[PDB]
Structures are given as C-alpha cells and as structure tokens.
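Quick notes on the structure that follows.
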Amino acid sequence: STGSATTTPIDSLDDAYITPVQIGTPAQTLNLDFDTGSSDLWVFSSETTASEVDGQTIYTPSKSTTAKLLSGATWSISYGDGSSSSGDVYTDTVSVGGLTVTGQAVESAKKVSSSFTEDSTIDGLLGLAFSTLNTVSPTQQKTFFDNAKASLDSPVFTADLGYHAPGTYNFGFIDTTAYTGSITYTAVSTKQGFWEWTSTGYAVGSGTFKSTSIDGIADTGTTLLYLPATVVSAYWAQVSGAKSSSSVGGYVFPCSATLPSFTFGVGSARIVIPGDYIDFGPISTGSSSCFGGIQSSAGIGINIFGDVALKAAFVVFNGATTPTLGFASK
C-alpha cells in the first residue's frame, strides 16, 4: 500500500504545516502537525478541558464505532519549546492520504498548554520519530508509520515541504518526479529515538564550504534551523546590522536587509536554503526588526534541522531495518 497527503502551512510565515487525517468510523477529519521529532499521535478531543479548546476540531471517540478505550493507558509529553499535553488513549482506525491503519493509538488530550489552545489551526500532532519515544504508559504504543510499515510497498515516507506553499507527505513510495538530480542518503542514529544524522558542513552565501561534522535531527515539527553558535554567528555576520537580542530571544536583523543563502552538506551533496526562507518577518507588527530563521542550538542540547532546512529539500525517511535519510534538491 501507499498514502499521499498534502501538507499546508498554517500561516504566511510557514510556522508549521497541517495535514488532514481521518480518524474513526465514520471518519472524523482532523488537521494534524506531522512531527518527525516526536512519536505520539494526539488530538484535541471531547475530553479536553473546555477552557483549553479554542477553535480546534475535536475527536469524539463516542461517535466512532471503531474506537475502543485502551484501558488504563495514559500519556504525557513536553516538547522542546516547553509546550505540553496529556490524557488517555483510544485505539481507532486512522487514515492518511488513502493509507489506513487499524488499531492505531489515538491519544486523547485531557489537558493542553496555552500554546496549543492559542493555535486554532492545529488539532493535534502525528509523531513520526521512532516508537521508543512514545510516551504511552504502561504499554508503549507504535507510531502511525511503524504500524503501517510492513503493509507499505516500501518502508519509507517522504517530506516535501513547500516555501509559502503547500507540500506533500508520501508513505510507501518515492516520487521520482518530485525532486531534481539524485537523492543522497546518509546514515541515521536511532540511539536517542530521533532521525539523527551528521551533516558534512556548511557555506554562507557564495562563500567557501566549511567541512565540519554537525550532528542534528531532521525535525518537521520544528519551524527554524538551530545550529551551533559558531555557525550561526558566521551566518549573521554577513547581514549588516544583524545581532543576537536577549530580549527578543535570538538573532534579529533589519527588515531592509537582503539575506544570503545558507548551504548544508549531505555527504558530498549540497542543499541550498535561499535567503528568503530565512526571513520570519517583523518581531512585532510594524517593527523594522525582523526575526531570523537560523538560530543557535546552544541550550537546546541538540542541533535541529527544522522546516527552514527541510523545505529546501525532498527528504526521504527510510525506515528499513537500518534506517537512513535521503536529501535531494528540488
């Protein structure tokens, strides 16, 4: 089998992407944030604290004939941005872009932090990291991809995120019309449960390529590109007036600047992030100070190849026995 679903930016900055997901019988369609940096499928639901729901579409398991309570199971997660959620668990039928899994753990939120409540466009998260990170207790549950794996024509999914535009998540096949040149594959470490890999270096604008190993995770659920402070400093040094602002929470730059591209290495291959991708707009409405899309990972504890980077590529998440990541230009 295969699946194919369009993923759509939630706003004009590409702060996140939502993908429609059918849950239950009859289908209840929720717009979820596909997150290769976590491993819980959780949803706003009929069980969510009423004051914590503002505009989201909810999953109501009692209206689903295929929903079953996973008795005794609870979950609780916190993300890298400090947001969190928790609740209990149903199993139900879940379909993404024509691809159907029966008995998927659907984690029903009883509580969500303000950040989720305040975002009306996101109805939940669909984790696509490794199931070892799943937070369901006492019985850890498998991700949608893990459950679908052995039915898939090939045990892969691909992320093709758009710049200020929709893109595509594919399951079970590689669309050879969706990228240019070749896909370069690179080794993955699963020791921390992430799609963790080592970039071979970087360049700033038209500058020379610096060969250096940068360990990091391919994370569709993170907006920006978080890299070591040395790299990030070398980038913003090429933007007149740019500086790191403690008060704002990272690098800002004059909105009148033109941003240079940023290149990252995948083995001997190169992925170029256009400078436009690195502009996240005024720090506040009407401000002439703009927020940068490349930021320091210092104090996160891990480098993160978020959407800023991933959207410049066609990315293969190869879940074979020995997993790998592939990157192609597009």
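As shown in the structure tokens, the chain order sets the letters A, B, ...; within each chain, residues go from 1, and ligands are also counted from 1 in the order they appear.
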Would you please give, as a ChimeraX atom specification, all residues of stretch 86-320 of chain A that DSSP assigns to strand (DSSP E or B) based on the backbone?
/A:86-96,99-112,124-127,137,156-160,167-171,184-187,189,196-204,210-218,225-227,243-245,250-254,262-266,269-273,279-282,289-292,294-296,303-305,314-318
Can you pull out every residue within 7 Å of residue A:295, counting only C-alpha atoms, but drop anything in the same chain fewer than 2 positions away, and send it as a PyMOL selection string?
chain A and resi 225-227+232+250-251+292-293+297
Could you take the residues named above and write them with C-alpha atoms, as a short mmCIF file (atom, residue, chain, number, x, y, z; two decimals), in the first residue's frame?
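Result went into out.cif, see below:
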```cif
data_model
loop_
_atom_site.label_atom_id
_atom_site.label_comp_id
_atom_site.auth_asym_id
_atom_site.auth_seq_id
_atom_site.Cartn_x
_atom_site.Cartn_y
_atom_site.Cartn_z
CA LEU A 225 17.13 25.80 11.80
CA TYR A 226 19.07 25.51 15.07
CA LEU A 227 22.81 25.07 14.67
CA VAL A 232 25.04 30.82 13.34
CA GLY A 250 17.64 35.21 19.23
CA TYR A 251 19.10 36.78 16.11
CA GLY A 292 15.96 35.22 11.75
CA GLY A 293 15.24 31.65 10.72
CA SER A 297 21.09 25.46 19.32
#
```
Hey, could you make a per-residue contact list for stretch 119-227 of chain A against stretch 83-101 of chain A with 9 Å as the cut-off, showing the nearest pair of atoms and its distance in Å to one decimal, counting only C-alpha atoms, sorted by chain and number, as JSON lines?
```
{"residue": "A:136", "atom": "CA", "partner": "A:89", "partner_atom": "CA", "distance": 8.0}
{"residue": "A:144", "atom": "CA", "partner": "A:101", "partner_atom": "CA", "distance": 7.2}
{"residue": "A:145", "atom": "CA", "partner": "A:101", "partner_atom": "CA", "distance": 9.0}
{"residue": "A:147", "atom": "CA", "partner": "A:101", "partner_atom": "CA", "distance": 6.7}
{"residue": "A:148", "atom": "CA", "partner": "A:101", "partner_atom": "CA", "distance": 6.1}
{"residue": "A:152", "atom": "CA", "partner": "A:99", "partner_atom": "CA", "distance": 8.9}
{"residue": "A:169", "atom": "CA", "partner": "A:97", "partner_atom": "CA", "distance": 8.6}
{"residue": "A:170", "atom": "CA", "partner": "A:97", "partner_atom": "CA", "distance": 8.2}
{"residue": "A:171", "atom": "CA", "partner": "A:99", "partner_atom": "CA", "distance": 7.8}
```
Non-local contacts of stretch 177-191 of chain A (9 Å; only C-alpha atoms; under 6 positions in same chain excluded) as a list in words:
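Surrounding residues, per the criterion: residues 130, 160, 197, 198, 199, 266, 267, 268, 269, 313, 314, 315, 316, 322, 323, 324, 325, 326, 327, 328, 329 and 330 of chain A.
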Could you please write out, as an mmCIF file with N, CA, C and O atoms, in the first residue's frame, every residue of stretch 202-308 of chain A that DSSP assigns to helix (DSSP H, G or I)?
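And here's out-v4.cif as it stands now:
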```
data_model
loop_
_atom_site.group_PDB
_atom_site.id
_atom_site.type_symbol
_atom_site.label_atom_id
_atom_site.label_comp_id
_atom_site.auth_asym_id
_atom_site.auth_seq_id
_atom_site.Cartn_x
_atom_site.Cartn_y
_atom_site.Cartn_z
ATOM 1 N N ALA A 229 26.479 27.704 17.771
ATOM 2 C CA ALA A 229 26.608 29.153 17.831
ATOM 3 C C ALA A 229 27.702 29.697 16.880
ATOM 4 O O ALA A 229 27.605 30.826 16.379
ATOM 5 N N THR A 230 28.756 28.909 16.654
ATOM 6 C CA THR A 230 29.823 29.305 15.715
ATOM 7 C C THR A 230 29.283 29.484 14.295
ATOM 8 O O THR A 230 29.580 30.453 13.606
ATOM 9 N N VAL A 231 28.485 28.517 13.865
ATOM 10 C CA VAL A 231 27.905 28.516 12.519
ATOM 11 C C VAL A 231 26.938 29.677 12.362
ATOM 12 O O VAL A 231 26.906 30.375 11.332
ATOM 13 N N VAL A 232 26.123 29.856 13.393
ATOM 14 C CA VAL A 232 25.038 30.816 13.343
ATOM 15 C C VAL A 232 25.635 32.213 13.334
ATOM 16 O O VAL A 232 25.166 33.108 12.598
ATOM 17 N N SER A 233 26.703 32.388 14.113
ATOM 18 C CA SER A 233 27.421 33.662 14.129
ATOM 19 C C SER A 233 28.033 33.975 12.758
ATOM 20 O O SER A 233 27.928 35.117 12.261
ATOM 21 N N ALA A 234 28.663 32.971 12.137
ATOM 22 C CA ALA A 234 29.228 33.140 10.777
ATOM 23 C C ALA A 234 28.144 33.532 9.762
ATOM 24 O O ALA A 234 28.406 34.313 8.857
ATOM 25 N N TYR A 235 26.941 32.992 9.911
ATOM 26 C CA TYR A 235 25.866 33.382 9.001
ATOM 27 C C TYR A 235 25.464 34.844 9.204
ATOM 28 O O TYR A 235 25.477 35.626 8.256
ATOM 29 N N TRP A 236 25.119 35.221 10.431
ATOM 30 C CA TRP A 236 24.537 36.534 10.647
ATOM 31 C C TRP A 236 25.561 37.652 10.535
ATOM 32 O O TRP A 236 25.184 38.816 10.371
ATOM 33 N N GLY A 275 17.969 32.721 0.808
ATOM 34 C CA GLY A 275 17.908 33.700 1.871
ATOM 35 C C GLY A 275 16.482 34.044 2.267
ATOM 36 O O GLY A 275 16.215 34.291 3.460
ATOM 37 N N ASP A 276 15.563 34.047 1.297
ATOM 38 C CA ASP A 276 14.144 34.337 1.610
ATOM 39 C C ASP A 276 13.559 33.384 2.668
ATOM 40 O O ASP A 276 12.679 33.770 3.459
ATOM 41 N N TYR A 277 14.009 32.133 2.660
ATOM 42 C CA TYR A 277 13.488 31.124 3.594
ATOM 43 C C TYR A 277 13.858 31.448 5.036
ATOM 44 O O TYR A 277 13.272 30.913 5.973
ATOM 45 N N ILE A 278 14.851 32.317 5.194
ATOM 46 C CA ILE A 278 15.456 32.577 6.494
ATOM 47 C C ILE A 278 14.818 33.840 7.139
ATOM 48 O O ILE A 278 15.112 34.178 8.286
ATOM 49 N N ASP A 307 12.046 22.993 9.699
ATOM 50 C CA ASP A 307 11.395 23.248 8.425
ATOM 51 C C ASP A 307 12.213 24.153 7.516
ATOM 52 O O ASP A 307 12.201 23.968 6.316
ATOM 53 N N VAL A 308 12.862 25.173 8.078
ATOM 54 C CA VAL A 308 13.674 26.111 7.288
ATOM 55 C C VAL A 308 14.626 25.339 6.385
ATOM 56 O O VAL A 308 14.765 25.642 5.216
#
```
May I ask for the distance between atom CA of residue A:263 and atom CA of residue A:34, given in Å to one decimal place?
24.8 Å
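Atom CA of residue A:309 sits 6.4 Å away from atom CA of residue A:273.
Residue nearest residue A:258 within the list A:126, A:302, A:239, A:165: A:239 [criterion: smallest interatomic distance, only C-alpha atoms].
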Just give me the gap between atom CA of residue A:218 and atom CA of residue A:305 in Å, one decimal is fine.
4.9 Å
What are the closest atom pairs, with distances in Å to one decimal, for each residue of stretch 107-180 of chain A lying within 9 Å of stretch 41-48 of chain A, using only C-alpha atoms, rows by chain and rising residue number, as a Markdown table?
```
| residue | atom | partner | partner_atom | distance |
| --- | --- | --- | --- | --- |
| A:107 | CA | A:42 | CA | 4.3 |
| A:108 | CA | A:43 | CA | 5.4 |
| A:109 | CA | A:48 | CA | 5.3 |
| A:110 | CA | A:48 | CA | 4.0 |
| A:111 | CA | A:48 | CA | 5.8 |
| A:112 | CA | A:48 | CA | 7.7 |
| A:122 | CA | A:44 | CA | 8.9 |
| A:123 | CA | A:44 | CA | 5.6 |
| A:124 | CA | A:43 | CA | 4.2 |
| A:125 | CA | A:42 | CA | 5.5 |
| A:126 | CA | A:41 | CA | 4.2 |
| A:127 | CA | A:41 | CA | 5.5 |
| A:128 | CA | A:41 | CA | 8.7 |
| A:134 | CA | A:41 | CA | 8.9 |
| A:143 | CA | A:41 | CA | 7.1 |
| A:144 | CA | A:41 | CA | 7.6 |
```
Using N, CA, C and O atoms, can you write the selected residues to a file as a PDB file, in the first residue's frame?
```
ATOM      1  N   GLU A 107      -4.237   9.305  20.987  1.00  0.00           N
ATOM      2  CA  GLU A 107      -4.041   9.769  22.345  1.00  0.00           C
ATOM      3  C   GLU A 107      -4.903  11.000  22.517  1.00  0.00           C
ATOM      4  O   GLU A 107      -4.690  12.016  21.844  1.00  0.00           O
ATOM      5  N   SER A 108      -5.889  10.881  23.403  1.00  0.00           N
ATOM      6  CA  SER A 108      -6.916  11.899  23.584  1.00  0.00           C
ATOM      7  C   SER A 108      -6.462  12.868  24.630  1.00  0.00           C
ATOM      8  O   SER A 108      -6.174  12.469  25.744  1.00  0.00           O
ATOM      9  N   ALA A 109      -6.387  14.146  24.278  1.00  0.00           N
ATOM     10  CA  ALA A 109      -5.911  15.139  25.241  1.00  0.00           C
ATOM     11  C   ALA A 109      -6.977  15.511  26.269  1.00  0.00           C
ATOM     12  O   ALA A 109      -8.104  15.837  25.919  1.00  0.00           O
ATOM     13  N   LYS A 110      -6.601  15.452  27.545  1.00  0.00           N
ATOM     14  CA  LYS A 110      -7.433  15.960  28.621  1.00  0.00           C
ATOM     15  C   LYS A 110      -6.945  17.366  28.943  1.00  0.00           C
ATOM     16  O   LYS A 110      -7.733  18.234  29.300  1.00  0.00           O
ATOM     17  N   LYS A 111      -5.637  17.572  28.820  1.00  0.00           N
ATOM     18  CA  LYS A 111      -5.009  18.867  29.086  1.00  0.00           C
ATOM     19  C   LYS A 111      -4.022  19.225  27.961  1.00  0.00           C
ATOM     20  O   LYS A 111      -3.321  18.370  27.448  1.00  0.00           O
ATOM     21  N   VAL A 112      -3.986  20.504  27.586  1.00  0.00           N
ATOM     22  CA  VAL A 112      -3.013  21.018  26.626  1.00  0.00           C
ATOM     23  C   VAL A 112      -2.506  22.360  27.175  1.00  0.00           C
ATOM     24  O   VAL A 112      -3.245  23.070  27.859  1.00  0.00           O
ATOM     25  N   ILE A 122      -4.135  24.020  14.536  1.00  0.00           N
ATOM     26  CA  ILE A 122      -3.556  22.696  14.799  1.00  0.00           C
ATOM     27  C   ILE A 122      -4.431  21.873  15.774  1.00  0.00           C
ATOM     28  O   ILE A 122      -4.639  22.239  16.927  1.00  0.00           O
ATOM     29  N   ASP A 123      -4.947  20.758  15.274  1.00  0.00           N
ATOM     30  CA  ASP A 123      -5.874  19.909  16.023  1.00  0.00           C
ATOM     31  C   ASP A 123      -5.160  18.784  16.773  1.00  0.00           C
ATOM     32  O   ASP A 123      -5.793  17.986  17.452  1.00  0.00           O
ATOM     33  N   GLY A 124      -3.848  18.712  16.616  1.00  0.00           N
ATOM     34  CA  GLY A 124      -3.064  17.669  17.241  1.00  0.00           C
ATOM     35  C   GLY A 124      -1.764  17.426  16.503  1.00  0.00           C
ATOM     36  O   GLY A 124      -1.420  18.139  15.547  1.00  0.00           O
ATOM     37  N   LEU A 125      -1.031  16.420  16.968  1.00  0.00           N
ATOM     38  CA  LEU A 125       0.270  16.075  16.414  1.00  0.00           C
ATOM     39  C   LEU A 125       0.231  14.605  15.997  1.00  0.00           C
ATOM     40  O   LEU A 125      -0.463  13.791  16.615  1.00  0.00           O
ATOM     41  N   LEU A 126       0.953  14.286  14.933  1.00  0.00           N
ATOM     42  CA  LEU A 126       1.131  12.913  14.471  1.00  0.00           C
ATOM     43  C   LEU A 126       2.622  12.668  14.420  1.00  0.00           C
ATOM     44  O   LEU A 126       3.322  13.164  13.539  1.00  0.00           O
ATOM     45  N   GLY A 127       3.119  11.945  15.416  1.00  0.00           N
ATOM     46  CA  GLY A 127       4.546  11.724  15.549  1.00  0.00           C
ATOM     47  C   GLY A 127       5.095  10.724  14.542  1.00  0.00           C
ATOM     48  O   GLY A 127       4.450   9.704  14.237  1.00  0.00           O
ATOM     49  N   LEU A 128       6.301  11.009  14.050  1.00  0.00           N
ATOM     50  CA  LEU A 128       6.942  10.180  13.022  1.00  0.00           C
ATOM     51  C   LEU A 128       8.405   9.915  13.362  1.00  0.00           C
ATOM     52  O   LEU A 128       9.181   9.467  12.520  1.00  0.00           O
ATOM     53  N   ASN A 134       7.689   7.050  22.257  1.00  0.00           N
ATOM     54  CA  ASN A 134       6.261   7.191  22.546  1.00  0.00           C
ATOM     55  C   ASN A 134       6.005   7.243  24.063  1.00  0.00           C
ATOM     56  O   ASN A 134       6.607   6.489  24.816  1.00  0.00           O
ATOM     57  N   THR A 143       4.043   4.276  16.444  1.00  0.00           N
ATOM     58  CA  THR A 143       3.650   5.415  15.620  1.00  0.00           C
ATOM     59  C   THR A 143       2.807   4.910  14.461  1.00  0.00           C
ATOM     60  O   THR A 143       2.776   3.718  14.181  1.00  0.00           O
ATOM     61  N   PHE A 144       2.132   5.837  13.792  1.00  0.00           N
ATOM     62  CA  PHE A 144       1.363   5.536  12.590  1.00  0.00           C
ATOM     63  C   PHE A 144       2.231   4.835  11.535  1.00  0.00           C
ATOM     64  O   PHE A 144       1.799   3.867  10.906  1.00  0.00           O
TER      65      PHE A 144
END
```
May I ask which of the residues A:254, A:162, A:172, A:228 is the closest one to residue A:294, counting only C-alpha atoms?
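Ranked by minimum distance to residue A:294, first place goes to A:228.
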Of the residues A:18, A:156, A:73, A:30, which is the one nearest to residue A:141, using only C-alpha atoms?
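Closest residue, counting only C-alpha atoms: A:73.
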Given only C-alpha atoms as the basis, pick out the residue of A:244, A:139, A:220, A:158 nearest to residue A:36.
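Looking only at the distances to residue A:36, the closest residue turns out to be A:220.
Each of A:9, A:221, A:319, A:80 was checked against residue A:131 using only C-alpha atoms; the smallest atom-to-atom distance is that of A:319.
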